[PDB]
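J.: My questions all concern the structure below.
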Amino acid sequence: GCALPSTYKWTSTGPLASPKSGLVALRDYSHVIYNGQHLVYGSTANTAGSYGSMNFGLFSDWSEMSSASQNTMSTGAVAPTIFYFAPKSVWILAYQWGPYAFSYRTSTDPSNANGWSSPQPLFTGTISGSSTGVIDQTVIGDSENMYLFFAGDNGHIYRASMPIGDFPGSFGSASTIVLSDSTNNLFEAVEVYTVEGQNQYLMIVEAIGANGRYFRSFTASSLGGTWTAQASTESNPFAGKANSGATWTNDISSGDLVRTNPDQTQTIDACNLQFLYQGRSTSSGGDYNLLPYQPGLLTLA
Amino acid sequence: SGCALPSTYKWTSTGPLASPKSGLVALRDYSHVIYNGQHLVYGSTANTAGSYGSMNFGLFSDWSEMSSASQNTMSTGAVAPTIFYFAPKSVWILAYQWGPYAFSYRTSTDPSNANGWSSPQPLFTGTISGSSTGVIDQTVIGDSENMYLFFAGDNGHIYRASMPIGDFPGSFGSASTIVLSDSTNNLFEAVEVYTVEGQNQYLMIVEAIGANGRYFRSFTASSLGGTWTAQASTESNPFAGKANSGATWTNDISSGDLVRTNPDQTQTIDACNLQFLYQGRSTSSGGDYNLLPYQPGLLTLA
Ligand SMILES: OC[C@@H]1NC[C@H](O)[C@H]1O
Ligand SMILES: OC[C@@H]1NC[C@H](O)[C@H]1O
Ligand SMILES: [Ca+2]
Ligand SMILES: [Ca+2]
Ligand SMILES: [Zn+2]
Ligand SMILES: [Zn+2]
């Protein structure tokens with residue numbers, strides 16, 4: 001395939017959807033291709049600043065996202081991750097703020113927002129130094145193990161693992177810290193991907209900059225190994241105001257790179273890098289929980 | 001944040017930060033937490049007869065304010081205390097010696113009130129052999145799996161007990177396991193244990209008796225339930241002591257607490273900003289140990 005870029009630059013769409021009546025924001029997207037169409041799950045914020053979740057109706061082209069249905073989940077699955085777990089032929093939805101520190105549900109009908117199984121434990125542990133507690137999971141496998149990565153709004157990235165034959169199931173309560181920095185430099189919204197054909201993994205993490213939210217990147221040769229800084233500063237980031245080509249938003253915030261293969265390896269084609277991110281109008285302000293986040297798409301330049 | 005521990009320690013120091021109120025001769029064995037952005041310090045007292053009790057200080061924002069903070073006597077003593085917030089059950093804990101059990105604890109939702117604590121409960125009900133004092137100087141620390149009790153015996157040993165985190169608050173029982181052994185003077189008392197922020201590592205400090213005064217030695221571990229390895233191991237190159245403190249008002253660097261920013265049961269220290277609230281005494285002081293004029297000072301890494 002293609003090696004990761006040494007230096008990142010992008011072009012952007014404008015906003016691709018707006019929240020339906022009774023909602024103020026669409027956040028934290030997770031995307032898969034399902035039956036040749038785009039299947040997107042995400043969080044919601046309502047007029048009171050309370051968080052829930054949803055999916056979009058299946059849509060073929062990004063220009064059609066604005067007319068897709070917005071389907072409210074009856075029990076919330078905030079900051080979701082969706083993937084197909086191939087060894088047991090089942091789709092997985094992982095999330096925070098449910099009955100366990102992280103939870104999951106299963107389905108064979110993932111286009112139905114309300115077709116998921118009863119919640120099961122994904123992780124039951126704790127962290128310290130945090131105003132939020134554990135936040136923003138992702139889940140990724142290799143041929144031997146499944147891995148859980150997450151954040152804490154506290155400058156740390158955490159990891160747990162289990163044998164692949166034990167999944168779906170709980171990772172337990174123990175974790176290991178894999179990265180540490182200032183709170184603003186490693187804040188939240190971590191994502192991890194297999195770089196197709198390159199024997200390498202990509203991690204991206206949301207940071208708080210002087211000029212907006214932006215992403216930093218790291219690389220590894222194994223999911224249980226060391227993470228090395230790649231695009232590390234606000235002025236030369238993975239994706240941010242400095243290199244996004246987006247003028248409708250300053251923020252490039254919590255979302256998902258575009259994955260074509262929907263399986264548990266979270267594989268990206270680095271010949272065709274694209275980023276489904278949350279942004280907000282440059283004129284927006286006030287209460288964080290009421291900010292009008294909505295989706296946009298970056299394509300490498 | 002996530003700095004590695006230093007390989008080698010050296011410090012600068014304040015002078016005395018506070019002195020005992022009328023009727024007391026010493027303030028000893030501090031335990032500190034941040035409570036709503038302010039410094040909350042508990043400690044032992046020695047009175048004009050050399051008898052031991054406990055107290056807290058009024059809440060204060062800056063170390064320069066400690067000398068004018070109220071000194072609030074506890075109606076029932078909690079000698080050599082440990083204070084922390086037990087997050088899983090949303091409650092503050094005060095652990096201590098010389099009460100109704102070998103080690104005891106009380107609970108509170110109002111920890112700034114010296115006399116607002118619940119009735120005493122058992123923390124530990126065992127004994128140790130070959131000690132002139134019996135069990136002394138507890139601390140309590142958790143990870144994601146278990147809570148741990150560490151303590152000393154004025155006898156060259158450090159002791160450990162443990163329980164599942166879901167069983168706490170409760171008693172650790174009566175059994176203990178010896179994790180370190182040396183001469184009485186090399187591993188004497190005033191043990192403290194901390195999580196090194198971001199490092200997947202733990203730090204233990206222990207008070208020792210040197211030629212030139214009291215000083216601290218250090219150890220590290222990769223798991224709280226595992227083996228402890230010596231780090232700073234001599235009086236001339238200590239964790240903290242006369243050799244490296246930058247303090248001239250005191251020779252002793254004795255029983256206190258590293259500065260913890262997060263108040264919870266993990267006892268986390270930010271190794272980018274190491275500071276030590278220690279007990280010291282005037283260089284011209286002397287005589288009976290129980291009457292010594294111990295009082296607080298603060299080290300900052302140099
Ligand atoms: O949108 C809900 C939370 N907001 C910050 C974090 O990235 C999300 O989990
Ligand atoms: O200050 C009371 C005791 N004195 C020695 C020991 O470190 C303390 O528990
Ligand atoms: Ca996410
Ligand atoms: Ca102590
Ligand atoms: Zn930190
Ligand atoms: Zn003040």
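Please note that chains go A, B, ... in the order of the structure tokens, that every chain numbers its residues from 1, and that ligands are numbered from 1 in the order shown.
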At most 10 Å is the cut-off: for each residue in chain A with any atom that close to an atom of chain B, write down the nearest atom pair and the distance in Å rounded to one decimal, counting only C-alpha atoms, chain first then increasing number, as a tab-separated table.
T.:
```
residue	atom	partner	partner_atom	distance
A:124	CA	B:144	CA	9.4
A:125	CA	B:144	CA	6.1
A:126	CA	B:144	CA	5.9
A:127	CA	B:144	CA	7.4
A:128	CA	B:266	CA	7.3
A:129	CA	B:262	CA	5.9
A:130	CA	B:262	CA	8.8
A:154	CA	B:1	CA	7.8
A:155	CA	B:1	CA	5.9
A:156	CA	B:198	CA	7.0
A:157	CA	B:198	CA	9.2
A:158	CA	B:198	CA	9.7
A:172	CA	B:145	CA	9.6
A:173	CA	B:144	CA	6.3
A:174	CA	B:144	CA	5.9
A:175	CA	B:144	CA	8.0
A:176	CA	B:200	CA	6.7
A:177	CA	B:198	CA	6.2
A:178	CA	B:198	CA	8.3
A:179	CA	B:198	CA	7.5
A:180	CA	B:2	CA	4.9
A:181	CA	B:1	CA	4.6
A:182	CA	B:1	CA	4.7
A:183	CA	B:1	CA	6.7
A:184	CA	B:1	CA	9.8
A:185	CA	B:1	CA	9.5
A:186	CA	B:1	CA	9.4
```
J.: As a quick test: using only C-alpha atoms and all ligand atoms, which residues lie no more than 8 Å away from ligand 1? Give them as a JSON list (two decimals) with C-alpha atoms, in the first residue's frame.
T.:
```json
[["chain", "number", "residue", "atom", "x", "y", "z"],
["A", 27, "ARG", "CA", -20.53, 14.30, 18.41],
["A", 28, "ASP", "CA", -17.89, 11.53, 18.60],
["A", 43, "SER", "CA", -23.27, 10.89, 20.56],
["A", 44, "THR", "CA", -25.96, 13.59, 20.92],
["A", 45, "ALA", "CA", -26.34, 16.62, 23.23],
["A", 51, "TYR", "CA", -25.73, 13.31, 26.40],
["A", 78, "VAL", "CA", -22.25, 7.71, 24.46],
["A", 79, "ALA", "CA", -18.94, 8.09, 22.49],
["A", 96, "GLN", "CA", -19.12, 4.94, 28.10],
["A", 135, "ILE", "CA", -13.48, 8.33, 28.67],
["A", 136, "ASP", "CA", -13.33, 7.73, 24.89],
["A", 188, "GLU", "CA", -9.21, 12.74, 24.91],
["A", 189, "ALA", "CA", -10.81, 11.08, 21.84],
["A", 253, "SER", "CA", -12.31, 17.31, 17.24],
["A", 254, "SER", "CA", -13.55, 13.77, 18.29]]
```
J.: Tell me which protein, DNA and RNA residues are within 6 Å of range 246-252 of chain B, counting only C-alpha atoms, leaving out same-chain ones fewer than 5 positions away, and put them as a PDB file with N, CA, C and O atoms, in the first residue's frame.
T.:
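Wrote out02.pdb, looks like this:
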```
ATOM      1  N   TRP B  11      17.775  19.162  47.096  1.00  0.00           N
ATOM      2  CA  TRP B  11      16.630  20.012  47.418  1.00  0.00           C
ATOM      3  C   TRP B  11      17.057  21.402  47.872  1.00  0.00           C
ATOM      4  O   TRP B  11      18.201  21.596  48.300  1.00  0.00           O
ATOM      5  N   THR B  12      16.090  22.335  47.859  1.00  0.00           N
ATOM      6  CA  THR B  12      16.130  23.559  48.652  1.00  0.00           C
ATOM      7  C   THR B  12      15.020  23.470  49.720  1.00  0.00           C
ATOM      8  O   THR B  12      14.082  22.671  49.576  1.00  0.00           O
ATOM      9  N   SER B  13      15.136  24.286  50.768  1.00  0.00           N
ATOM     10  CA  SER B  13      14.228  24.231  51.923  1.00  0.00           C
ATOM     11  C   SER B  13      13.748  25.596  52.378  1.00  0.00           C
ATOM     12  O   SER B  13      14.493  26.584  52.332  1.00  0.00           O
ATOM     13  N   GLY B 213      21.964  12.927  61.902  1.00  0.00           N
ATOM     14  CA  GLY B 213      20.540  13.179  62.066  1.00  0.00           C
ATOM     15  C   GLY B 213      19.664  12.115  61.439  1.00  0.00           C
ATOM     16  O   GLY B 213      20.149  11.154  60.808  1.00  0.00           O
ATOM     17  N   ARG B 214      18.358  12.312  61.593  1.00  0.00           N
ATOM     18  CA  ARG B 214      17.364  11.504  60.882  1.00  0.00           C
ATOM     19  C   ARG B 214      17.390  11.851  59.388  1.00  0.00           C
ATOM     20  O   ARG B 214      17.564  13.027  58.994  1.00  0.00           O
ATOM     21  N   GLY B 280      11.197  18.828  61.289  1.00  0.00           N
ATOM     22  CA  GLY B 280      12.566  19.153  61.684  1.00  0.00           C
ATOM     23  C   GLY B 280      12.609  19.746  63.082  1.00  0.00           C
ATOM     24  O   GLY B 280      11.553  20.013  63.686  1.00  0.00           O
ATOM     25  N   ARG B 281      13.822  19.967  63.605  1.00  0.00           N
ATOM     26  CA  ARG B 281      13.978  20.585  64.943  1.00  0.00           C
ATOM     27  C   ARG B 281      15.231  21.451  64.952  1.00  0.00           C
ATOM     28  O   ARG B 281      16.209  21.159  64.245  1.00  0.00           O
ATOM     29  N   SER B 282      15.215  22.524  65.746  1.00  0.00           N
ATOM     30  CA  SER B 282      16.390  23.399  65.860  1.00  0.00           C
ATOM     31  C   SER B 282      17.692  22.630  66.097  1.00  0.00           C
ATOM     32  O   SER B 282      17.741  21.661  66.880  1.00  0.00           O
ATOM     33  N   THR B 283      18.762  23.099  65.471  1.00  0.00           N
ATOM     34  CA  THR B 283      20.077  22.475  65.637  1.00  0.00           C
ATOM     35  C   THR B 283      20.621  22.521  67.075  1.00  0.00           C
ATOM     36  O   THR B 283      21.496  21.708  67.418  1.00  0.00           O
TER      37      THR B 283
END
```
J.: Just list the residues in range 61-280 of chain A DSSP gives strand (DSSP E or B) on the backbone, as a VMD selection string.
T.: chain A and resid 70 to 72 78 to 85 90 to 96 102 to 107 120 to 123 135 to 141 145 to 151 156 to 163 176 to 180 188 to 195 200 to 208 213 to 220 228 to 229 239 249 253 to 257 263 267 to 268 274 to 279
J.: Can you tell me which residues sit at most 12 Å away from ligand 6, counting only C-alpha atoms and all ligand atoms, written as a PyMOL selection string?
T.: chain B and resi 37-39+58-69
J.: Those same residues, written as a JSON list (two decimals), in the first residue's frame with N, CA and C atoms?
T.:
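This is the output file selection_24.json:
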```json
[["chain", "number", "residue", "atom", "x", "y", "z"],
["B", 37, "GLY", "N", -9.05, 22.99, 46.60],
["B", 37, "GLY", "CA", -7.97, 23.90, 46.21],
["B", 37, "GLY", "C", -7.06, 24.39, 47.31],
["B", 38, "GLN", "N", -7.30, 23.95, 48.57],
["B", 38, "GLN", "CA", -6.52, 24.40, 49.71],
["B", 38, "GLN", "C", -5.76, 23.24, 50.38],
["B", 39, "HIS", "N", -4.71, 23.59, 51.12],
["B", 39, "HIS", "CA", -3.91, 22.64, 51.89],
["B", 39, "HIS", "C", -4.66, 22.23, 53.18],
["B", 58, "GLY", "N", -6.16, 24.75, 60.24],
["B", 58, "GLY", "CA", -7.16, 25.41, 59.39],
["B", 58, "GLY", "C", -6.73, 25.42, 57.93],
["B", 59, "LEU", "N", -7.69, 25.34, 57.01],
["B", 59, "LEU", "CA", -7.38, 25.32, 55.56],
["B", 59, "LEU", "C", -6.61, 26.59, 55.15],
["B", 60, "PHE", "N", -5.61, 26.46, 54.28],
["B", 60, "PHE", "CA", -4.79, 27.60, 53.80],
["B", 60, "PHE", "C", -4.37, 27.39, 52.35],
["B", 61, "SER", "N", -4.24, 28.47, 51.57],
["B", 61, "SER", "CA", -3.92, 28.36, 50.13],
["B", 61, "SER", "C", -2.42, 28.27, 49.81],
["B", 62, "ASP", "N", -1.59, 29.06, 50.51],
["B", 62, "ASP", "CA", -0.15, 29.17, 50.23],
["B", 62, "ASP", "C", 0.64, 28.75, 51.47],
["B", 63, "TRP", "N", 1.80, 28.10, 51.28],
["B", 63, "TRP", "CA", 2.63, 27.67, 52.42],
["B", 63, "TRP", "C", 3.04, 28.79, 53.39],
["B", 64, "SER", "N", 3.17, 30.02, 52.86],
["B", 64, "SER", "CA", 3.46, 31.19, 53.69],
["B", 64, "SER", "C", 2.36, 31.53, 54.73],
["B", 65, "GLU", "N", 1.16, 30.96, 54.56],
["B", 65, "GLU", "CA", 0.00, 31.18, 55.46],
["B", 65, "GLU", "C", -0.07, 30.13, 56.60],
["B", 66, "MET", "N", 0.77, 29.08, 56.55],
["B", 66, "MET", "CA", 0.66, 28.00, 57.54],
["B", 66, "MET", "C", 0.90, 28.47, 58.98],
["B", 67, "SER", "N", 1.76, 29.48, 59.17],
["B", 67, "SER", "CA", 2.11, 29.93, 60.54],
["B", 67, "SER", "C", 0.95, 30.59, 61.26],
["B", 68, "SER", "N", -0.01, 31.14, 60.50],
["B", 68, "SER", "CA", -1.19, 31.78, 61.09],
["B", 68, "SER", "C", -2.45, 30.94, 61.04],
["B", 69, "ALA", "N", -2.36, 29.71, 60.51],
["B", 69, "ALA", "CA", -3.51, 28.81, 60.45],
["B", 69, "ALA", "C", -3.90, 28.32, 61.85]]
```
J.: Counting only C-alpha atoms and all ligand atoms, what are the residues, protein, DNA or RNA alike, that approach ligand 4 to within 7 Å? I want them as an NGL selection string.
T.: :B and (29-31 or 80-82 or 137-139 or 190-192 or 255-257)
J.: Kindly indicate which residue among A:159, A:259, A:31, A:241 lies nearest to ligand 3, using only C-alpha atoms and all ligand atoms for the distances.
T.: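 Smallest separation from ligand 3 among the options: A:31.
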